[PDB]
Each structure stands twice: as C-alpha cells, then as structure tokens.
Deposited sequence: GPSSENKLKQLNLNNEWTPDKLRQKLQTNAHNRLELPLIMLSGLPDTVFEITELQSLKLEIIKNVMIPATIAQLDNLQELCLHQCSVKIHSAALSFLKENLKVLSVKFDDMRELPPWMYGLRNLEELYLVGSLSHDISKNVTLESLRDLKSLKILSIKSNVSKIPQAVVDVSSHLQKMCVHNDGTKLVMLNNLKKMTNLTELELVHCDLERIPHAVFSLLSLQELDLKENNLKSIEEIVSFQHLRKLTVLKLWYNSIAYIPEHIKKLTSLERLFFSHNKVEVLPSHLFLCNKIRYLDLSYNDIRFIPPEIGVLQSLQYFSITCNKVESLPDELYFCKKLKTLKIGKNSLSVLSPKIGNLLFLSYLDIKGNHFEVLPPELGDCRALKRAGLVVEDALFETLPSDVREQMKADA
C-alpha cells in the first residue's frame, strides 16, 4: 500500500515538463535525461520518448518496468551507484535496443548481473573495483561488443574478455596503479585496433602488445617507463599510427623509432626527455607531436622535414631558440610554445598561413613581430600571450585580430 502511494507522489512531482527541463545533450551526442536523487523511477519517465540516454545517479532499489519499451529511441543507459533490477520484457527490450552502457559501482552491489546478456551492447564502461582474479563474469553473450573500458585495480586481463576477442576492437584499462602482471590474455585480442593500458605500472613495454598486428593506436600512460628500447618490436606492428608514451619517465628516444613507418601521432608529453635526437624527425609522416613538460633546450632544424606537421607542443621546456626551419611545416594548425625561455619570435611565423592556435605566454619576448598579422586563421581568443606583449603589435594588426 505504501509503495503505490510512494510512486503516486513521484509521478505527481515529476511531470513531463519538469522532466524535460532536465533534458540535455550528453558527451556521446545523445539526448539524455539525468536522474540524480530519486526514491525510484517515475513512470512518467517513460513518456519522454525523445530521450536517447537515461542517466541514474545514487538511486538505490530501482526496478525497470516493462513500460521502458515505450522509449522508442533508447540507446544508452548510465548507472552511478545504483542497484537496478529489471522486468522480463524490460530486459528483452534492453537486450535488443541498448547500445552503450556506463556503470559506476562503489560495491559489487551496484554492478547489474543482467548486463552480461545485452548482446546488442556495443560500448561498455565500468568504473569500479574488480579485484588475484577479476570478479568480472564472462562477456560471452555480448555478441556485438566493440568498445570495452575498465577502470579498476586489476592485476590481470580477465579471461572474461577472451570470450569477446573475435569482435572487440577497442580495449581500455585505466587501473588505479595496481600492476598488471599477467598480460597473456592480451595476446588473444586479435581484432583489436586501439589499446589503452593506462596507469598499470607495467614498467616495460609488454610483450603481448606485439601480438596485435592490426593495432593502430596505443596508449601506455602513467606506467613509469624508463627504457623504451622495445620500440623495435613495434616495427612488427605494421599498422601503428598513434603511439602514446606520455606521462612516463623516458629520457632517451632510441633511433629505432625511425623504423615506425606509419607513425603520425606521437605523445611524449610529461617525460624526462632532455635531448630530442636527430633521428626522431625521420618519421616524416608525423602530424601530432606533443613534447610538453620535458627538459628540452634546443629544437633541431631537422624538424623542417616534417612537412605534414600540423600540431606541435613544447610547453614547459627550457627552449631558448626556435629554428627557422620550424616555419617550413606550412600545415601547422596548432603551435603551443607555452612556458619556455624564448627571447624573440621570428617574423617567419607569417609563413604559417594555416596557424589557428598559438600559445607563447610565459616567455622572454620584448616585442612581437608584426608578421603575426600574416597568420590569417589566428585570433586573440586562439592566441595566448601577455596582454602587454599583444600591445606591441601594430595597431591594425591588433584590431584585425580582435575583429
């Protein structure tokens, strides 16, 4: 008797107007309705047929009724610290329709056991503790799973993921620093194209990565990497274009990196690099190069050979001079000089006709070159500088950049 009146007072309060007031567009380009502290699920929720995602936060003892079948445009479900039970027809609807799922559990209490039966699920995001052996059930009935992201404290890639190896394409594990010591199952992730082993305390590039011949992107963030001479084995991965070694302790970029033929995006920010060698710029197909938060002092002239370079960042280094050959990278779209030790800015920056973002705040400039007006895509909103330095620009250069 009390439960009926409870839901009556939830449905009375949450009318479709006040519910649609909370409608927004989420990070996955979907129309989402966020519920944050309710006593349950209002039945009126199933009248908002236009919503594409349903986000539940801190709602304990939730039951999804069969009226969930009314949400004809339902592709995503989000659970933050929620204990959710489903109806039979509700689970059938979610099995045939739910495509993206994101669950955050403080305890195993909030990880729904029905999630393992959603075959039409394409993306799965878990943020919670799953550990010896992972307490993840076999992803056996996720027949269409493509992206898996596990945020945990896990020491081994669970065998549960080996049951999705035939069609899984992107796997992300961002552990809390717990060392991933058993990497054997990663060898069975054949059809993987993007891999993220972040903050796993690996300490060396793992051998298993060299088994993913179809791998294109790689993220090894926050793993205390000091020696990366295993880059040699990456020439066995002939389709690798994105290689992220950022947030490590690397001080020496070996010559073997020049043999990474298909390299285009190189993430080397937040390392211990003091000298960037000549051969680093023999990877002529590089578009993205972030070397920020290092001890770089000189930029080599050979960077001029990177004719396809569009993104370059050396913020928070010890750079004292920039080579003029840098302004041969005529496709430069973003230049982040940032907090260095530059005394003068070359007029040849006018050659970068595509430059749209420049950050030179925190340097040793005395006057800015007028040829900054030749960068037709660069605006003051996209130009980071000391306002006193921006005053050194010619008057109409100033106005043309502001309007």
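No C-alpha positions are given for the deposited-sequence stretches 1 to 3, 135 to 138, 411 to 412.
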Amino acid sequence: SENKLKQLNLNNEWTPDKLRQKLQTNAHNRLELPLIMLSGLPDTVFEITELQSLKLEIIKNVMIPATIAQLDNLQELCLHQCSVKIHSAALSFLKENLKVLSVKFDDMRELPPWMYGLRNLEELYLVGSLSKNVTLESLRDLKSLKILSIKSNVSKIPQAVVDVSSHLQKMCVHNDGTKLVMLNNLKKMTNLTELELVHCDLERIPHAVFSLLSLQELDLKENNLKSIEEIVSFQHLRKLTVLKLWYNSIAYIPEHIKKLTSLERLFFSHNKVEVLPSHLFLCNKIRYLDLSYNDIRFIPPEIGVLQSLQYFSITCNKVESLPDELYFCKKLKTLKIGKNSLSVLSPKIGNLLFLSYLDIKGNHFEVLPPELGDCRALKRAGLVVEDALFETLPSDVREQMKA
From here on, numbers count along this sequence of modelled residues.
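Look at the C-alpha B-factors of 120 to 128 and of 161 to 169. On average they run higher in 161 to 169.
For the segment pair 336 to 344 and 47 to 55, the entry gives 336 to 344 the higher mean B-factor, averaged over Cα atoms. The residue among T193, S269, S144, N224 whose C-alpha atom has the highest B-factor in the PDB entry is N224. For the set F93, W114, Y252, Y311, the maximum C-alpha B-factor listed in the entry falls on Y252. When the modelled residues of the chain are ordered by C-alpha B-factor, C329 sits in the highest third.
When the modelled residues of the chain are ordered by their C-alpha B factor, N175 lands in the lowest third. Looking at the C-alpha B-factors along this chain, the one for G40 belongs to the highest third. Residue-level temperature factors show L31 in the lowest third of its chain, judged at the C-alpha atom. Per-chain ranking of the deposited C-alpha B factor places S356 in the middle third.
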